[PDB]
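Going down the list, the sequences are from chains A and B.
According to UniProt numbering, the first sequence is numbered sequentially starting from 52.
Mapped onto UniProt numbering, the consecutive letters of the second sequence carry residue numbers 3 to 55, 82 to 135.
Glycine is no exception: its CB is placed at the ideal position from the N, C-alpha and C atoms.
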Amino acid sequence: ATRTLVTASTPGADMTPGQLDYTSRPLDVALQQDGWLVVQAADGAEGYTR
Amino acid sequence: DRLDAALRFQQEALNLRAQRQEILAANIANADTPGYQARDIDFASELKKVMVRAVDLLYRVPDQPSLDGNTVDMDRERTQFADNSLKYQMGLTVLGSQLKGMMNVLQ
């Protein structure tokens, strides 16, 4: 068994929080290290975002 | 029967060479199709059976796997094809020499 094909693959993601800037807008929010805002997706099932 | 059998040995050898050539050409032309298994005939055993007598072809072991399931290897098939062609021409020359000698005896 010599031939060994290679296929690309992507793990889930990287959860390092990004840099945040202060725009002083009254209702702009930034989460904690592992925070997630819940929204209602188009299909109806809830989803998480930042 | 005498002349018939004496020529028949080489005639059957030549026919077996031709059939093996046909099989080799088939499995070379079909060398780029998934799910195909390389086939060949045991020339020596087949000739021995025919001499005292619809051929029993058998699969060829692969040498390195391929995902699509192809087992025919082009280099080995080419070497076998060249060997078979040379054997066929050798048998043709021997048969022609025997026939020419037989004809020349009558002169």
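- For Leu-16 (chain B), the closest C-alpha among the options B:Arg-88, B:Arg-41, B:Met-53, B:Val-133 is that of B:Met-53.
- In this structure, DSSP gives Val-89 (chain A) an extended state, which the three-state scheme calls strand.
- Ranking B:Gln-12, B:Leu-18, B:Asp-101, B:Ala-8 by CA distance to the CA of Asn-32 (chain B) puts B:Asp-101 first.
- Residues of the stretch 85-102 of chain B that bring their beta carbon within less than 8 angstroms of a beta carbon in chain A comprise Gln-92, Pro-93, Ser-94, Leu-95, in sequence order.
- Our two residues, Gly-86 (chain A) and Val-57 (chain A), have alpha carbons roughly 36 angstroms apart in a direct line.
- For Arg-101 (chain A), the closest Cβ of chain B is not nearer than 9 angstroms.
- At a cut-off of 9 angstroms between C-beta atoms, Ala-96 (chain A) does not count as an interface residue with respect to chain B.
- Contacts with chain B at 9 angstroms (Cβ-Cβ) include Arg-54 (chain A).
- A distance below 7 angstroms between beta-carbons, with the five flanking residues on each side excluded, links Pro-36 (chain B) to the following residues of its chain, in chain order: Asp-96, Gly-97, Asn-98.
- Excluding residues up to 5 positions away in sequence, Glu-105, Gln-108, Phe-109, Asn-112 lie with their Cβ nearer than 7 angstroms to the Cβ of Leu-26 (chain B) in the same chain.
- B:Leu-18 is the residue among B:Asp-103, B:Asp-6, B:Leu-18, B:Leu-5 whose C-alpha sits nearest the C-alpha of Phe-45 (chain B).
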